[PDB]
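Heads up, the thing below is written out as structure tokens.
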Amino acid sequence: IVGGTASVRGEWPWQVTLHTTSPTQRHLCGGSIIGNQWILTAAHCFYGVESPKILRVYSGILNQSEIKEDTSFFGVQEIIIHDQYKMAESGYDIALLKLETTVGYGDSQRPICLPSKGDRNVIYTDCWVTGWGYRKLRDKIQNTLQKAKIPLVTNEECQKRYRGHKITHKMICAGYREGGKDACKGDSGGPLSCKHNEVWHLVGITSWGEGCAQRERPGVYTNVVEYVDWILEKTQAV
Ligand SMILES: COC(=O)Nc1ccc2c(c1)NC(=O)[C@H](C)CCC[C@H](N1CCC(c3c(F)ccc(Cl)c3F)=CC1=O)c1cc-2ccn1
């Protein structure tokens, strides 16, 4: 996260850190708890991931230093990537991780509500992007989970900012015209969480942008409300 500040423990209890153990263990991407065996994240996170066996999901983490060999984690049973996904810039950048065991909810780890299909017309004015990503173009994964408040940008304005791309209604953009605050490397797959009527909703999934926090280059997020039926199809299968 560029231009953010340290989060307080328990502030974003749906936020997870997804680690890979191959070739060595490291943070790969962010993700959000949406159900007791389900993590919602970005499809592009899994480029070259040949098996869910190399993955570890850590919940209730503020600092990456809380993670050692003896730290508990959730194994991944299945990686579900949207069938239309080709690359982040073309959309459908969404994936589900089915966990091997159930998450016990508490004050350190609990799910975030998905947006309502009836709330496609609501205007979110209190949106935040979180993660352990870079704070600048050439940096490293941060120890402390960072947060930054960012305004949503209309599809029309985001399209003007990305001349050679097609910004679809399955994408949602966020950023300041002057830049300064944005997601960066290591934040992808994490949430864009918006508070509406005292309830937090998972509005976006950190997906891509041209560089980080540049003037007139908003962050591009998977527009979660457009995938609510896809999520339910995969998580509520008979
Ligand atoms: C010590 O352990 C490490 O060092 N780990 C480490 C280090 C670096 C990386 C990664 C892990 N993970 C990856 O490689 C995976 C496979 C994801 C690949 C894409 C990812 N991006 C690109 C787009 C993006 C973005 C933006 F820039 C602006 C705005 C918005 Cl909305 C965005 F979504 C954010 C972002 O996280 C990214 C992560 C890394 C390296 C390069 N890119």
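Every chain in the structure tokens takes a letter, A first, then B, and so on in the order presented; its residues are numbered from 1, and the ligands are numbered from 1 following the presented order.
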Pick out the residues sitting within 12 Å of residue 108 (chain A), and hand them over as a ChimeraX atom specification; count only C-alpha atoms, and ignore anything fewer than 4 positions along from it in its own chain. /A:8-16,33,58-62,103-104
Got a sec: who's within 7 Å of residue 203 (chain A), counting only C-alpha atoms, leaving out chain neighbours fewer than 6 positions off, as a JSON list (two decimals) with C-alpha atoms, in the first residue's frame?
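What landed in around32.json:
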```
[["chain", "number", "residue", "atom", "x", "y", "z"],
["A", 115, "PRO", "CA", -22.37, -6.39, -1.58],
["A", 192, "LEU", "CA", -11.39, -2.93, -1.21],
["A", 193, "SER", "CA", -13.71, -2.68, 1.86],
["A", 194, "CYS", "CA", -16.47, -0.02, 1.96],
["A", 223, "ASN", "CA", -16.25, -5.30, -9.11],
["A", 224, "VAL", "CA", -17.47, -7.92, -6.56],
["A", 225, "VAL", "CA", -21.22, -7.06, -6.85]]
```
Quick one: everything within 7 Å of residue 29 (chain A), counting only C-alpha atoms, minus sequence neighbours fewer than 3 positions away in the same chain. Send it as a PyMOL selection string. chain A and resi 17-18+45+186-190
Resulting file, chosen residues, N, CA, C and O atoms, as a PDB file, in the first residue's frame:
```pdb
ATOM      1  N   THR A  17      -3.462 -13.332   4.738  1.00  0.00           N
ATOM      2  CA  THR A  17      -2.218 -13.356   3.996  1.00  0.00           C
ATOM      3  C   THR A  17      -2.071 -14.758   3.436  1.00  0.00           C
ATOM      4  O   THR A  17      -2.150 -15.738   4.186  1.00  0.00           O
ATOM      5  N   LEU A  18      -1.987 -14.854   2.101  1.00  0.00           N
ATOM      6  CA  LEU A  18      -1.850 -16.132   1.418  1.00  0.00           C
ATOM      7  C   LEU A  18      -0.371 -16.315   1.148  1.00  0.00           C
ATOM      8  O   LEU A  18       0.251 -15.452   0.536  1.00  0.00           O
ATOM      9  N   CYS A  45      -3.074 -14.202  -8.945  1.00  0.00           N
ATOM     10  CA  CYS A  45      -2.233 -14.652  -7.812  1.00  0.00           C
ATOM     11  C   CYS A  45      -1.655 -16.036  -8.082  1.00  0.00           C
ATOM     12  O   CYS A  45      -0.592 -16.376  -7.573  1.00  0.00           O
ATOM     13  N   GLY A 186       2.103  -7.015  -4.084  1.00  0.00           N
ATOM     14  CA  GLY A 186       1.871  -7.777  -2.856  1.00  0.00           C
ATOM     15  C   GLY A 186       0.500  -7.534  -2.254  1.00  0.00           C
ATOM     16  O   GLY A 186       0.066  -8.283  -1.369  1.00  0.00           O
ATOM     17  N   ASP A 187      -0.206  -6.489  -2.733  1.00  0.00           N
ATOM     18  CA  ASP A 187      -1.565  -6.180  -2.233  1.00  0.00           C
ATOM     19  C   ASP A 187      -2.659  -6.899  -3.020  1.00  0.00           C
ATOM     20  O   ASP A 187      -3.787  -7.006  -2.525  1.00  0.00           O
ATOM     21  N   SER A 188      -2.346  -7.381  -4.233  1.00  0.00           N
ATOM     22  CA  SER A 188      -3.395  -7.995  -5.054  1.00  0.00           C
ATOM     23  C   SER A 188      -4.086  -9.164  -4.370  1.00  0.00           C
ATOM     24  O   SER A 188      -3.497  -9.875  -3.550  1.00  0.00           O
ATOM     25  N   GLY A 189      -5.374  -9.311  -4.692  1.00  0.00           N
ATOM     26  CA  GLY A 189      -6.201 -10.347  -4.106  1.00  0.00           C
ATOM     27  C   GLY A 189      -6.859  -9.881  -2.822  1.00  0.00           C
ATOM     28  O   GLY A 189      -7.845 -10.475  -2.384  1.00  0.00           O
ATOM     29  N   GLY A 190      -6.303  -8.817  -2.220  1.00  0.00           N
ATOM     30  CA  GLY A 190      -6.835  -8.258  -0.990  1.00  0.00           C
ATOM     31  C   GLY A 190      -8.125  -7.479  -1.225  1.00  0.00           C
ATOM     32  O   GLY A 190      -8.516  -7.207  -2.361  1.00  0.00           O
TER      33      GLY A 190
END
```
Please report, as CSV, each residue of chain A lying at most 8 Å from ligand 1, together with the nearest pair of atoms and the separation in Å rounded to one decimal; use only C-alpha atoms and all ligand atoms, and order rows by chain and ascending residue number.
```
residue,atom,partner,partner_atom_place_in_ligand_line,distance
A:25,CA,ligand 1,2 (O),7.9
A:26,CA,ligand 1,2 (O),4.4
A:27,CA,ligand 1,2 (O),4.8
A:28,CA,ligand 1,11 (C),4.3
A:29,CA,ligand 1,12 (N),5.7
A:44,CA,ligand 1,17 (C),6.2
A:45,CA,ligand 1,16 (C),4.4
A:46,CA,ligand 1,16 (C),6.3
A:47,CA,ligand 1,16 (C),6.0
A:133,CA,ligand 1,36 (O),6.5
A:134,CA,ligand 1,8 (C),7.7
A:140,CA,ligand 1,4 (O),5.7
A:141,CA,ligand 1,4 (O),5.3
A:173,CA,ligand 1,31 (Cl),7.5
A:174,CA,ligand 1,31 (Cl),7.6
A:182,CA,ligand 1,29 (C),5.8
A:183,CA,ligand 1,29 (C),4.5
A:184,CA,ligand 1,27 (F),3.9
A:185,CA,ligand 1,36 (O),3.4
A:186,CA,ligand 1,36 (O),3.7
A:187,CA,ligand 1,36 (O),4.1
A:188,CA,ligand 1,36 (O),3.7
A:189,CA,ligand 1,36 (O),7.4
A:205,CA,ligand 1,31 (Cl),7.6
A:206,CA,ligand 1,33 (F),4.2
A:207,CA,ligand 1,33 (F),3.5
A:208,CA,ligand 1,33 (F),3.4
A:209,CA,ligand 1,28 (C),4.0
A:210,CA,ligand 1,27 (F),6.4
A:211,CA,ligand 1,27 (F),5.1
A:212,CA,ligand 1,27 (F),4.6
A:213,CA,ligand 1,28 (C),6.7
A:218,CA,ligand 1,29 (C),6.8
A:219,CA,ligand 1,31 (Cl),3.6
A:220,CA,ligand 1,31 (Cl),4.3
A:221,CA,ligand 1,31 (Cl),5.2
```
For the residues in that selection, give me N, CA and C atoms as a compact mmCIF listing (two decimals), in the first residue's frame.
```txt
# COMPACT_ATOMS: atom_id res chain seq x y z
N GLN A 25 9.02 -20.32 1.71
CA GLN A 25 7.78 -19.69 2.15
C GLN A 25 7.83 -18.18 2.08
N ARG A 26 6.82 -17.58 1.44
CA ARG A 26 6.72 -16.12 1.37
C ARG A 26 5.26 -15.73 1.17
N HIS A 27 4.93 -14.48 1.48
CA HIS A 27 3.59 -13.93 1.24
C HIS A 27 3.43 -13.85 -0.30
N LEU A 28 2.29 -14.31 -0.79
CA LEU A 28 2.00 -14.27 -2.21
C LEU A 28 0.99 -13.18 -2.55
N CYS A 29 -0.14 -13.15 -1.81
CA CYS A 29 -1.26 -12.26 -2.11
C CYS A 29 -2.11 -12.03 -0.86
N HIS A 44 -5.14 -13.87 -10.78
CA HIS A 44 -3.75 -13.70 -11.26
C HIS A 44 -2.69 -14.10 -10.23
N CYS A 45 -3.07 -14.20 -8.95
CA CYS A 45 -2.23 -14.65 -7.81
C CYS A 45 -1.66 -16.04 -8.08
N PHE A 46 -2.42 -16.87 -8.83
CA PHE A 46 -2.07 -18.28 -9.03
C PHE A 46 -1.29 -18.57 -10.30
N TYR A 47 -0.73 -17.52 -10.95
CA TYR A 47 0.08 -17.74 -12.14
C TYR A 47 1.22 -18.72 -11.77
N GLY A 133 1.63 -5.16 0.96
CA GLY A 133 2.40 -4.84 -0.23
C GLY A 133 3.39 -3.70 -0.09
N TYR A 134 4.11 -3.45 -1.18
CA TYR A 134 5.12 -2.41 -1.29
C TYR A 134 4.52 -1.05 -1.01
N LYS A 140 9.73 -3.84 -0.56
CA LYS A 140 9.61 -5.20 -0.08
C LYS A 140 8.27 -5.33 0.61
N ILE A 141 7.83 -6.57 0.87
CA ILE A 141 6.60 -6.87 1.63
C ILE A 141 6.75 -6.26 3.03
N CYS A 173 -12.94 1.18 -10.22
CA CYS A 173 -11.68 1.88 -10.03
C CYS A 173 -11.70 2.75 -8.82
N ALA A 174 -10.52 2.99 -8.24
CA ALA A 174 -10.41 3.85 -7.05
C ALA A 174 -9.05 4.54 -7.04
N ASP A 182 -2.58 4.16 -3.06
CA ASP A 182 -3.01 3.05 -3.94
C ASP A 182 -2.50 1.74 -3.41
N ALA A 183 -2.99 0.64 -4.01
CA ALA A 183 -2.43 -0.67 -3.77
C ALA A 183 -1.11 -0.73 -4.57
N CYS A 184 -0.21 -1.66 -4.21
CA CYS A 184 1.04 -1.87 -4.93
C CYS A 184 1.39 -3.37 -4.88
N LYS A 185 2.54 -3.77 -5.42
CA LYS A 185 2.97 -5.18 -5.46
C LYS A 185 2.83 -5.90 -4.11
N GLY A 186 2.10 -7.01 -4.08
CA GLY A 186 1.87 -7.78 -2.86
C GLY A 186 0.50 -7.53 -2.25
N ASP A 187 -0.21 -6.49 -2.73
CA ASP A 187 -1.56 -6.18 -2.23
C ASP A 187 -2.66 -6.90 -3.02
N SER A 188 -2.35 -7.38 -4.23
CA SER A 188 -3.40 -8.00 -5.05
C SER A 188 -4.09 -9.16 -4.37
N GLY A 189 -5.37 -9.31 -4.69
CA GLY A 189 -6.20 -10.35 -4.11
C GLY A 189 -6.86 -9.88 -2.82
N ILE A 205 -11.81 -6.38 -5.36
CA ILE A 205 -10.64 -7.23 -5.17
C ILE A 205 -9.49 -6.51 -5.88
N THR A 206 -8.40 -6.21 -5.16
CA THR A 206 -7.22 -5.55 -5.74
C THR A 206 -6.71 -6.35 -6.94
N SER A 207 -6.65 -5.72 -8.13
CA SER A 207 -6.35 -6.44 -9.35
C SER A 207 -5.17 -5.88 -10.14
N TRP A 208 -5.24 -4.64 -10.66
CA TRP A 208 -4.10 -4.12 -11.43
C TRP A 208 -4.13 -2.60 -11.52
N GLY A 209 -3.07 -2.04 -12.07
CA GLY A 209 -2.97 -0.61 -12.33
C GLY A 209 -1.71 -0.36 -13.12
N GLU A 210 -1.52 0.85 -13.66
CA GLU A 210 -0.28 1.21 -14.36
C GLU A 210 0.63 1.82 -13.29
N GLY A 211 1.61 1.05 -12.84
CA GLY A 211 2.49 1.45 -11.73
C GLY A 211 1.69 1.50 -10.43
N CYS A 212 2.13 2.31 -9.45
CA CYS A 212 1.44 2.42 -8.15
C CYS A 212 1.24 3.87 -7.77
N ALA A 213 0.01 4.26 -7.42
CA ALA A 213 -0.35 5.60 -6.93
C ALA A 213 0.07 6.75 -7.84
N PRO A 218 -5.88 5.44 -11.65
CA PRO A 218 -6.50 4.79 -10.49
C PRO A 218 -6.25 3.27 -10.46
N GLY A 219 -6.34 2.69 -9.27
CA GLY A 219 -6.24 1.24 -9.12
C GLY A 219 -7.48 0.62 -9.73
N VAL A 220 -7.33 -0.54 -10.38
CA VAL A 220 -8.45 -1.27 -11.00
C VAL A 220 -8.73 -2.51 -10.15
N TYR A 221 -9.98 -2.67 -9.75
CA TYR A 221 -10.41 -3.75 -8.87
C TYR A 221 -11.48 -4.57 -9.53
```
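Distances from A:222, A:132, A:181, A:79 to residue 65 (chain A) were compared using only C-alpha atoms, and the smallest one belongs to A:132.
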Residues of region 136-178 of chain A in helix (DSSP H, G or I), written as a PyMOL selection string: chain A and resi 155-161
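In this comparison, which uses only C-alpha atoms, the residue of A:98, A:146, A:214, A:154 approaching residue 179 (chain A) most closely is A:214.
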Rank nothing, just name the residue among A:56, A:120, A:217, A:136 nearest to residue 169 (chain A), using only C-alpha atoms.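 Counting only C-alpha atoms, the residue closest to residue 169 (chain A) is A:120.
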